[PDB]
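Just below is one structure, and these are the notes that go with it.
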Amino acid sequence: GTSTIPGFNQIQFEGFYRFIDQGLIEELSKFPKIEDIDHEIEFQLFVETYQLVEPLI
Amino acid sequence: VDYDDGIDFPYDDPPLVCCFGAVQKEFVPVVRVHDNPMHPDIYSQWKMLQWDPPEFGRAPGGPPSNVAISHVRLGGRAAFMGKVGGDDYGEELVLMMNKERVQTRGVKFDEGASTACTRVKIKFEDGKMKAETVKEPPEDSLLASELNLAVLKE
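Next comes the structure, spelled out in structure tokens:
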């Protein structure tokens, strides 16, 4: 955009890249750890190993 | 040297001008080092150096055929003195100058040479690559006996 007309879809393209590249972590890290009334069983998510799989179709 | 050449004539106005040298397409000769290079591959950025140029490139010159063409478009009359090869690129250069109404009677053809092609040999002196000229191009090989003296007289 400094010496040409930018691609008309660039705003959508950069925005979606930011969502995948940084947006997923900021929300997946706000997921609270789930503990029961008796605190016996605790569920948690290991966010560092999040993955995205290419569409099958 | 000795005498004249041609028939003396009233010599139509505007007065003729003669441009001597090599007829080339583009070819900026003045090359120095600039300290503000753009991306090496994305040539769409390179126009930014056209509007913030190096100082030596603010108004670049070129081959003498550029001056002859520009002079004719500004209303003058011009003739080009030089040599091109007998190949297809040589004809294209002459046809470019004939289209622009530049006189090309001073242009000599060399049927044994390739236009804008220099034969050079690559050497490796003191651990560095250098080249030396083996055969000059037709553009740089006009002889004195090949000068059109009618042009030089007018």
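These protein sequences, in sequence, are chains C and K.
According to the deposited numbering, the stretch in the first sequence is residues 8 to 64, in order.
According to the deposited numbering, the stretch in the second sequence is residues 77 to 230, in order.
Every residue, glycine too, gets a C-beta built ideally from N, C-alpha and C.
Residue state for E230 (chain K) is assigned as coil, using DSSP reduced to three classes. Straight-line measurement puts the Cα of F96 (chain K) at about 14 angstroms from the Cα of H147 (chain K). Between the stretch 176–194 of chain K and the stretch 120–133 of chain K there are fewer than three inter-stretch CB-CB distances shorter than 8 angstroms, so the stretches are not counted as touching.
When the five nearest sequence neighbours on each side are left out, the beta carbons in the same chain lying within less than 6 angstroms of the beta carbon of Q179 (chain K) are those of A155, in order along the chain. According to the DSSP assignment, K175 (chain K) belongs to the alpha helix (DSSP H) that extends over 164–175.
Cα atoms of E55 (chain C) and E61 (chain C): separation of roughly 19 angstroms, rounded to the nearest angstrom.
Collapsing the DSSP output to three states places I145 (chain K) in a helix. DSSP, reduced to helix, strand and coil, places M114 (chain K) outside both helices and strands of the structure shown, so it counts as coil. Considering only beta carbons, the part of the stretch 99–125 of chain K lying closer than 7 angstroms to chain C consists of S120, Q121, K123, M124, in chain order. The Cβ atoms of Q100 (chain K) and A207 (chain K) lie no closer than 8 angstroms to each other.
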